[PDB]
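*Asks:* PDB, C-alpha atoms and all ligand atoms, saved as protein.pdb, coming up:
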```pdb
MODEL        1
ATOM      1  CA  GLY N   1      14.864  -7.159  -6.155
ATOM      2  CA  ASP N   2      16.002  -7.692  -2.583
ATOM      3  CA  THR N   3      13.845  -9.306   0.171
ATOM      4  CA  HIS N   4      15.427  -7.343   3.053
ATOM      5  CA  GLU N   5      14.805  -4.072   1.173
ATOM      6  CA  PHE N   6      11.258  -5.298   0.539
ATOM      7  CA  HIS N   7      10.604  -5.837   4.270
ATOM      8  CA  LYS N   8      12.163  -2.453   5.064
ATOM      9  CA  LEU N   9       9.708  -0.877   2.583
ATOM     10  CA  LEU N  10       6.735  -2.654   4.200
ATOM     11  CA  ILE N  11       7.811  -1.281   7.606
ATOM     12  CA  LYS N  12       8.090   2.193   6.065
ATOM     13  CA  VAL N  13       4.588   1.881   4.516
ATOM     14  CA  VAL N  14       3.259   1.225   8.033
ATOM     15  CA  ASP N  15       5.290   4.148   9.413
ATOM     16  CA  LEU N  16       3.904   6.489   6.711
ATOM     17  CA  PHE N  17       0.408   5.231   7.448
ATOM     18  CA  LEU N  18       0.867   6.005  11.158
ATOM     19  CA  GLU N  19       2.161   9.526  10.143
ATOM     20  CA  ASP N  20      -1.038   9.898   8.088
ATOM     21  CA  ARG N  21       0.913  10.528   4.880
ATOM     22  CA  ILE N  22      -0.642   7.261   3.761
ATOM     23  CA  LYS N  23      -4.206   7.876   4.954
ATOM     24  CA  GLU N  24      -5.338   4.214   4.536
ATOM     25  CA  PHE N  25      -4.033   1.218   2.579
ATOM     26  CA  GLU N  26      -4.201  -2.505   1.994
ATOM     27  CA  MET N  27      -1.667  -4.849   0.429
ATOM     28  CA  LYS N  28      -1.876  -8.513  -0.466
ATOM     29  CA  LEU N  29       1.437 -10.285   0.039
ATOM     30  CA  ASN N  30       3.242 -13.583   0.539
ATOM     31  CA  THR N  31       6.540 -12.901   2.237
ATOM     32  CA  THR N  32       8.170 -14.349   5.345
ATOM     33  CA  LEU N  33       9.414 -12.012   8.064
ATOM     34  CA  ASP N  34      11.954 -12.676  10.802
ATOM     35  CA  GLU N  35      10.608 -11.917  14.313
ATOM     36  CA  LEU N  36      12.725  -8.734  14.387
ATOM     37  CA  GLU N  37      11.172  -7.561  11.136
ATOM     38  CA  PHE N  38       7.638  -8.462  12.350
ATOM     39  CA  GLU N  39       8.197  -6.515  15.601
ATOM     40  CA  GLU N  40       9.560  -3.571  13.660
ATOM     41  CA  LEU N  41       6.434  -3.694  11.434
ATOM     42  CA  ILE N  42       3.953  -3.476  14.317
ATOM     43  CA  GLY N  43       5.814  -1.202  16.763
ATOM     44  CA  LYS N  44       4.165  -0.457  20.093
ATOM     45  CA  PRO N  45       0.385  -0.501  19.600
ATOM     46  CA  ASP N  46      -1.859   0.920  22.314
ATOM     47  CA  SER N  47      -4.180  -2.074  21.901
ATOM     48  CA  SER N  48      -4.239  -5.405  20.120
ATOM     49  CA  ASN N  49      -6.502  -8.314  19.342
ATOM     50  CA  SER N  50      -5.368 -11.566  17.774
ATOM     51  CA  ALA N  51      -7.751 -14.066  16.171
ATOM     52  CA  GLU N  52      -6.837 -17.478  14.759
ATOM     53  CA  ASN N  53      -8.887 -19.050  12.006
ATOM     54  CA  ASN N  54      -7.870 -22.141   9.959
ATOM     55  CA  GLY N  55      -4.139 -21.842  10.819
ATOM     56  CA  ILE N  56      -4.087 -18.138   9.952
ATOM     57  CA  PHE N  57      -3.859 -15.206  12.368
ATOM     58  CA  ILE N  58      -5.421 -11.829  11.814
ATOM     59  CA  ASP N  59      -4.177  -9.347  14.379
ATOM     60  CA  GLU N  60      -5.680  -5.911  14.815
ATOM     61  CA  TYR N  61      -3.356  -3.277  16.291
ATOM     62  CA  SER N  62      -4.680   0.117  17.392
ATOM     63  CA  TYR N  63      -2.548   3.296  17.719
ATOM     64  CA  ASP N  64      -3.771   6.529  19.367
ATOM     65  CA  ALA N  65      -3.164   9.054  16.601
ATOM     66  CA  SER N  66      -4.533  12.382  17.669
ATOM     67  CA  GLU N  67      -7.357  13.551  19.859
ATOM     68  CA  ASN N  68     -10.281  11.499  18.393
ATOM     69  CA  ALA N  69      -8.298   9.801  15.637
ATOM     70  CA  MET N  70      -7.145   6.218  15.878
ATOM     71  CA  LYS N  71      -5.011   4.288  13.380
ATOM     72  CA  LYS N  72      -5.772   0.580  13.032
ATOM     73  CA  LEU N  73      -3.453  -1.977  11.462
ATOM     74  CA  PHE N  74      -4.592  -5.460  10.450
ATOM     75  CA  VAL N  75      -1.866  -8.052   9.766
ATOM     76  CA  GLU N  76      -2.826 -11.442   8.398
ATOM     77  CA  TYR N  77      -0.115 -14.084   8.897
ATOM     78  CA  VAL N  78       0.938 -17.700   9.351
ATOM     79  CA  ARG N  79       3.305 -18.557  12.233
ATOM     80  CA  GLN N  80       6.335 -20.505  10.977
ATOM     81  CA  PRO N  81       9.040 -22.490  12.839
ATOM     82  CA  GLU N  82      12.142 -20.637  14.148
ATOM     83  CA  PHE N  83       9.803 -17.738  14.957
ATOM     84  CA  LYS N  84       9.040 -16.560  11.379
ATOM     85  CA  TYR N  85       5.807 -14.949  10.175
ATOM     86  CA  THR N  86       4.516 -15.383   6.641
ATOM     87  CA  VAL N  87       2.540 -12.178   6.030
ATOM     88  CA  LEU N  88      -0.397 -12.563   3.624
ATOM     89  CA  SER N  89      -2.036  -9.145   4.001
ATOM     90  CA  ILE N  90      -1.608  -5.796   5.756
ATOM     91  CA  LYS N  91      -4.433  -3.203   5.982
ATOM     92  CA  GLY N  92      -4.417   0.268   7.539
ATOM     93  CA  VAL N  93      -7.687   1.971   8.467
ATOM     94  CA  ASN N  94      -8.569   5.279  10.167
ATOM     95  CA  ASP N  95     -11.215   5.448  12.863
ATOM     96  CA  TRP N  96     -12.823   8.236  14.877
ATOM     97  CA  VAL N  97     -13.017   7.287  18.502
ATOM     98  CA  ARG N  98     -14.347   8.874  21.695
ATOM     99  CA  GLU N  99     -11.493  10.473  23.688
TER     100      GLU N  99
ATOM    101  CA  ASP K   2      10.136  13.905   3.759
ATOM    102  CA  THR K   3       8.044  14.419   0.599
ATOM    103  CA  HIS K   4      10.667  13.499  -2.049
ATOM    104  CA  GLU K   5      11.385  10.301  -0.096
ATOM    105  CA  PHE K   6       7.639   9.659   0.325
ATOM    106  CA  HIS K   7       7.112  10.000  -3.441
ATOM    107  CA  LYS K   8      10.094   7.673  -4.113
ATOM    108  CA  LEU K   9       8.364   5.072  -1.924
ATOM    109  CA  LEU K  10       5.034   5.349  -3.830
ATOM    110  CA  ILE K  11       6.955   4.804  -7.079
ATOM    111  CA  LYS K  12       8.680   1.743  -5.551
ATOM    112  CA  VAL K  13       5.325   0.358  -4.261
ATOM    113  CA  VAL K  14       4.041   0.394  -7.872
ATOM    114  CA  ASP K  15       7.361  -1.228  -8.975
ATOM    115  CA  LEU K  16       6.919  -4.022  -6.421
ATOM    116  CA  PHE K  17       3.312  -4.445  -7.482
ATOM    117  CA  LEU K  18       4.280  -4.853 -11.189
ATOM    118  CA  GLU K  19       6.959  -7.397 -10.098
ATOM    119  CA  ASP K  20       4.161  -9.215  -8.231
ATOM    120  CA  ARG K  21       5.895  -9.016  -4.829
ATOM    121  CA  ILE K  22       2.945  -6.854  -3.855
ATOM    122  CA  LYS K  23       0.158  -8.985  -5.336
ATOM    123  CA  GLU K  24      -2.410  -6.165  -5.211
ATOM    124  CA  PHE K  25      -2.778  -2.978  -3.128
ATOM    125  CA  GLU K  26      -4.626   0.266  -2.552
ATOM    126  CA  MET K  27      -3.511   3.493  -0.943
ATOM    127  CA  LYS K  28      -5.575   6.544  -0.042
ATOM    128  CA  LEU K  29      -3.466   9.697  -0.340
ATOM    129  CA  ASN K  30      -3.398  13.471  -0.610
ATOM    130  CA  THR K  31      -0.036  14.453  -2.107
ATOM    131  CA  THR K  32       1.096  16.446  -5.135
ATOM    132  CA  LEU K  33       3.462  14.805  -7.621
ATOM    133  CA  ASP K  34       5.331  16.804 -10.181
ATOM    134  CA  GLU K  35       5.346  15.692 -13.805
ATOM    135  CA  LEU K  36       8.565  13.658 -13.536
ATOM    136  CA  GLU K  37       7.393  11.776 -10.435
ATOM    137  CA  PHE K  38       4.006  10.991 -11.975
ATOM    138  CA  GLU K  39       5.753   9.697 -15.119
ATOM    139  CA  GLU K  40       8.101   7.538 -13.088
ATOM    140  CA  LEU K  41       5.228   6.195 -10.882
ATOM    141  CA  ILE K  42       3.337   4.778 -13.865
ATOM    142  CA  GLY K  43       6.433   3.505 -15.705
ATOM    143  CA  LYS K  44       5.768   1.869 -19.071
ATOM    144  CA  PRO K  45       2.173   0.572 -19.447
ATOM    145  CA  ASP K  46       1.028  -1.283 -22.563
ATOM    146  CA  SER K  47      -2.161   0.735 -22.696
ATOM    147  CA  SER K  48      -3.875   3.497 -20.754
ATOM    148  CA  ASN K  49      -7.414   4.807 -20.290
ATOM    149  CA  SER K  50      -8.395   8.129 -18.684
ATOM    150  CA  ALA K  51     -11.804   9.272 -17.426
ATOM    151  CA  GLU K  52     -12.938  12.421 -15.641
ATOM    152  CA  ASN K  53     -15.892  12.946 -13.279
ATOM    153  CA  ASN K  54     -16.633  16.378 -11.776
ATOM    154  CA  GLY K  55     -13.010  17.555 -11.982
ATOM    155  CA  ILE K  56     -11.548  14.315 -10.587
ATOM    156  CA  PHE K  57      -9.522  12.104 -12.963
ATOM    157  CA  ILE K  58      -9.029   8.352 -12.841
ATOM    158  CA  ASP K  59      -6.380   6.935 -15.223
ATOM    159  CA  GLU K  60      -6.264   3.179 -15.809
ATOM    160  CA  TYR K  61      -2.940   1.644 -16.901
ATOM    161  CA  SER K  62      -2.482  -1.931 -18.205
ATOM    162  CA  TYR K  63       0.729  -3.921 -18.033
ATOM    163  CA  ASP K  64       0.508  -7.237 -19.854
ATOM    164  CA  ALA K  65       2.053 -10.194 -18.019
ATOM    165  CA  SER K  66       0.924 -13.005 -20.323
ATOM    166  CA  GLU K  67      -1.609 -13.892 -22.988
ATOM    167  CA  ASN K  68      -4.249 -14.019 -20.233
ATOM    168  CA  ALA K  69      -2.914 -12.061 -17.240
ATOM    169  CA  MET K  70      -2.323  -8.360 -16.696
ATOM    170  CA  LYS K  71      -1.647  -5.860 -13.956
ATOM    171  CA  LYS K  72      -3.840  -2.769 -13.838
ATOM    172  CA  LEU K  73      -2.947   0.424 -12.011
ATOM    173  CA  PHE K  74      -5.590   3.007 -11.215
ATOM    174  CA  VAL K  75      -4.512   6.526 -10.222
ATOM    175  CA  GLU K  76      -7.121   9.057  -9.087
ATOM    176  CA  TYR K  77      -5.959  12.649  -9.128
ATOM    177  CA  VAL K  78      -6.733  16.327  -9.584
ATOM    178  CA  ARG K  79      -4.675  18.242 -12.129
ATOM    179  CA  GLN K  80      -2.934  21.343 -10.688
ATOM    180  CA  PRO K  81      -1.121  24.306 -12.273
ATOM    181  CA  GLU K  82       2.539  23.884 -13.278
ATOM    182  CA  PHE K  83       2.042  20.295 -14.485
ATOM    183  CA  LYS K  84       1.456  18.987 -10.967
ATOM    184  CA  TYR K  85      -1.020  16.314  -9.864
ATOM    185  CA  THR K  86      -2.702  15.866  -6.523
ATOM    186  CA  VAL K  87      -2.960  12.080  -6.194
ATOM    187  CA  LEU K  88      -5.923  10.918  -4.094
ATOM    188  CA  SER K  89      -5.635   7.143  -4.538
ATOM    189  CA  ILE K  90      -3.476   4.502  -6.174
ATOM    190  CA  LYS K  91      -4.787   0.968  -6.671
ATOM    191  CA  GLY K  92      -3.064  -2.047  -8.219
ATOM    192  CA  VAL K  93      -5.181  -5.025  -9.258
ATOM    193  CA  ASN K  94      -4.760  -8.264 -11.224
ATOM    194  CA  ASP K  95      -6.996  -8.818 -14.236
ATOM    195  CA  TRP K  96      -7.397 -11.653 -16.712
ATOM    196  CA  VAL K  97      -8.747 -11.747 -20.262
ATOM    197  CA  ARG K  98     -10.920 -14.844 -19.824
ATOM    198  CA  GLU K  99     -13.584 -15.450 -17.165
TER     199      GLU K  99
HETATM  200 CA    CA N 101       7.112   1.375  12.872
HETATM  201 CA    CA N 102     -12.739  15.940  20.469
HETATM  202 CA    CA N 103     -12.360   8.638  27.660
HETATM  203 CA    CA N 104     -14.511 -16.492 -13.375
ENDMDL
END
```
Please, can you express the file's structure as structure tokens?
*Replies:*
Amino acid sequence: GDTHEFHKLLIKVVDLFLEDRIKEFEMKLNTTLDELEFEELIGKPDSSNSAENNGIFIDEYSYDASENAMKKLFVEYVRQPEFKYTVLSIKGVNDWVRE
Amino acid sequence: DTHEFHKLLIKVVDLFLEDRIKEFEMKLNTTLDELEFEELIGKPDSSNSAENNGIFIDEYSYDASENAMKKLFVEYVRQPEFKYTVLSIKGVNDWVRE
């Protein structure tokens, strides 16, 4: 029932998704991450796009997975004061891409 | 590893039933043993099971209130030795009234 353990699990979900143990996923959520946790969640993407709509950001992070395979992570969030991020959704998608 | 991975899937369902994860889906290809599959689903108030072309979808209901419930869908292929290849897990919120 712990919030830290909860954020650690979310980070692990993303890790497992990038490993392709979780092939694809989506989760609806309402939890507030410290910058350190948010950075841990997203890692080092090869590409990113960030779009703001009505006070909410949806970022799309792309990770080169394998030769034609790409992993894409969408994180929907609200930016809070003291550099906190209220995450509302996370979605992981596979895509075939030209090498 | 795989035992740790299966422990996480079980905990994802747990967090979903607690409503920390409001709703979710995961696409998967992993084989749970009988004990893991039992622990994953926990203690539903009712269950439904359907089969189409050798693929099973079980639907589990967990009552929250008079009107609200959590539903878990698990799609899987039964394997020898009481093992189950899970292909997707989906947690949704449902209500009695429109
Ligand atoms: Ca990571
Ligand atoms: Ca190729
Ligand atoms: Ca190229
Ligand atoms: Ca309605």
*Asks:* Looking at all atoms listed in the file, which of N:27, N:10, N:87, N:16 is the one that sits closest to chain K?
*Replies:* N:27
*Asks:* At most 8 Å is the cut-off: for each residue in chain K with any atom that close to an atom of chain N, write down the nearest atom pair and the distance in Å rounded to one decimal, counting all atoms listed in the file, chain first then increasing number, as CSV.
*Replies:*
```
residue,atom,partner,partner_atom,distance
K:9,CA,N:9,CA,7.6
K:21,CA,N:29,CA,6.7
K:22,CA,N:29,CA,5.4
K:23,CA,N:28,CA,5.3
K:24,CA,N:28,CA,5.3
K:25,CA,N:27,CA,4.2
K:26,CA,N:25,CA,5.3
K:27,CA,N:25,CA,4.2
K:28,CA,N:24,CA,5.1
K:29,CA,N:22,CA,5.5
K:30,CA,N:21,CA,7.6
```
*Asks:* CA of residue 71 (chain K) to CA of residue 94 (chain K): how many Å, to one decimal?
*Replies:*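 Separating CA of residue 71 (chain K) from CA of residue 94 (chain K) is a distance of 4.8 Å.
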*Asks:* Rounded to one decimal, what separation in Å do you get between CA of residue 50 (chain N) and CA of residue 71 (chain N)?
*Replies:*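 Computed distance, CA of residue 50 (chain N) to CA of residue 71 (chain N), equals 16.5 Å.
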*Asks:* Pick from N:98, N:84, N:7, N:79: nearest to ligand CA 102 (chain N), with all atoms listed in the file counted?
*Replies:*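 Closest candidate: N:98.
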*Asks:* Running the PyMOL selection byres (((chain N and resi 77) around 7) and not hetatm) on this model by hand, what would come out? Give it as an MDAnalysis selection string.
*Replies:* chainID N and resid 56:58 75:76 78:79 85:88
*Asks:* Would you work out the distance separating CA of residue 60 (chain K) from CA of residue 47 (chain K), expressed in Å to one decimal?
*Replies:*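 Distance between the two atoms: 8.4 Å.
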*Asks:* Please evaluate the PyMOL selection byres (((chain K and resi 49) around 9) and not hetatm) against the displayed coordinates and give the resulting residues as a PyMOL selection string.
*Replies:* chain K and resi 47-48+50-51+58-62
*Asks:* Return as a VMD selection string the residues of protein, DNA or RNA that approach ligand CA 103 (chain N) to within 10 Å, with only C-alpha atoms and all ligand atoms taken into account.
*Replies:* chain N and resid 68 97 to 99
*Asks:* Just so the selection is clear, what residues does the PyMOL selection byres (((not hetatm)) within 12 of (chain N and resi 104)) cover here, as number ranges by chain?
*Replies:* K: 95-99
*Asks:* Can you check which parts of chain N lie within 12 Å of ligand CA 101 (chain N)? Per residue, the shortest pair of atoms and distance in Å to one decimal, counting only C-alpha atoms and all ligand atoms, sorted by chain and number, as JSON lines.
*Replies:*
```
{"residue": "N:7", "atom": "CA", "partner": "N:CA101", "partner_atom": "CA", "distance": 11.8}
{"residue": "N:8", "atom": "CA", "partner": "N:CA101", "partner_atom": "CA", "distance": 10.1}
{"residue": "N:9", "atom": "CA", "partner": "N:CA101", "partner_atom": "CA", "distance": 10.8}
{"residue": "N:10", "atom": "CA", "partner": "N:CA101", "partner_atom": "CA", "distance": 9.6}
{"residue": "N:11", "atom": "CA", "partner": "N:CA101", "partner_atom": "CA", "distance": 5.9}
{"residue": "N:12", "atom": "CA", "partner": "N:CA101", "partner_atom": "CA", "distance": 6.9}
{"residue": "N:13", "atom": "CA", "partner": "N:CA101", "partner_atom": "CA", "distance": 8.7}
{"residue": "N:14", "atom": "CA", "partner": "N:CA101", "partner_atom": "CA", "distance": 6.2}
{"residue": "N:15", "atom": "CA", "partner": "N:CA101", "partner_atom": "CA", "distance": 4.8}
{"residue": "N:16", "atom": "CA", "partner": "N:CA101", "partner_atom": "CA", "distance": 8.6}
{"residue": "N:17", "atom": "CA", "partner": "N:CA101", "partner_atom": "CA", "distance": 9.4}
{"residue": "N:18", "atom": "CA", "partner": "N:CA101", "partner_atom": "CA", "distance": 8.0}
{"residue": "N:19", "atom": "CA", "partner": "N:CA101", "partner_atom": "CA", "distance": 9.9}
{"residue": "N:36", "atom": "CA", "partner": "N:CA101", "partner_atom": "CA", "distance": 11.7}
{"residue": "N:37", "atom": "CA", "partner": "N:CA101", "partner_atom": "CA", "distance": 10.0}
{"residue": "N:38", "atom": "CA", "partner": "N:CA101", "partner_atom": "CA", "distance": 9.9}
{"residue": "N:39", "atom": "CA", "partner": "N:CA101", "partner_atom": "CA", "distance": 8.4}
{"residue": "N:40", "atom": "CA", "partner": "N:CA101", "partner_atom": "CA", "distance": 5.6}
{"residue": "N:41", "atom": "CA", "partner": "N:CA101", "partner_atom": "CA", "distance": 5.3}
{"residue": "N:42", "atom": "CA", "partner": "N:CA101", "partner_atom": "CA", "distance": 6.0}
{"residue": "N:43", "atom": "CA", "partner": "N:CA101", "partner_atom": "CA", "distance": 4.8}
{"residue": "N:44", "atom": "CA", "partner": "N:CA101", "partner_atom": "CA", "distance": 8.0}
{"residue": "N:45", "atom": "CA", "partner": "N:CA101", "partner_atom": "CA", "distance": 9.7}
{"residue": "N:61", "atom": "CA", "partner": "N:CA101", "partner_atom": "CA", "distance": 12.0}
{"residue": "N:63", "atom": "CA", "partner": "N:CA101", "partner_atom": "CA", "distance": 11.0}
{"residue": "N:73", "atom": "CA", "partner": "N:CA101", "partner_atom": "CA", "distance": 11.2}
```
*Asks:* Can we get region 88-99 of chain K of that structure written down with N, CA and C atoms, as a CSV table (one decimal), in the first residue's frame?
*Replies:*
```
chain,number,residue,atom,x,y,z
K,88,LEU,N,-2.0,-14.6,-22.7
K,88,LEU,CA,-1.8,-13.8,-23.9
K,88,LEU,C,-2.2,-12.3,-23.7
K,89,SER,N,-3.2,-12.1,-22.8
K,89,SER,CA,-3.5,-10.7,-22.4
K,89,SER,C,-4.2,-10.7,-21.0
K,90,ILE,N,-4.0,-9.6,-20.3
K,90,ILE,CA,-4.7,-9.3,-19.1
K,90,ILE,C,-5.2,-7.9,-19.2
K,91,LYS,N,-6.5,-7.7,-18.9
K,91,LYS,CA,-7.2,-6.4,-19.0
K,91,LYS,C,-8.0,-6.2,-17.7
K,92,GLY,N,-7.9,-5.1,-17.1
K,92,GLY,CA,-8.7,-4.7,-16.0
K,92,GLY,C,-9.5,-3.5,-16.3
K,93,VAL,N,-10.9,-3.6,-16.1
K,93,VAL,CA,-11.8,-2.5,-16.5
K,93,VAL,C,-12.7,-2.2,-15.3
K,94,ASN,N,-13.3,-1.0,-15.3
K,94,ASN,CA,-14.4,-0.7,-14.3
K,94,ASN,C,-15.7,-0.8,-15.0
K,95,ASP,N,-16.7,-1.4,-14.3
K,95,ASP,CA,-18.0,-1.6,-14.8
K,95,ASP,C,-19.0,-1.1,-13.7
K,96,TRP,N,-20.2,-0.8,-14.2
K,96,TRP,CA,-21.2,-0.3,-13.3
K,96,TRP,C,-22.5,-1.0,-13.7
K,97,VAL,N,-23.3,-1.3,-12.7
K,97,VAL,CA,-24.6,-1.9,-12.9
K,97,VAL,C,-25.6,-1.1,-13.7
K,98,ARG,N,-25.8,0.2,-13.4
K,98,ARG,CA,-26.7,1.1,-14.1
K,98,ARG,C,-26.0,1.8,-15.2
K,99,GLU,N,-26.8,2.1,-16.2
K,99,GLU,CA,-26.3,3.0,-17.3
K,99,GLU,C,-26.1,4.5,-16.8
```
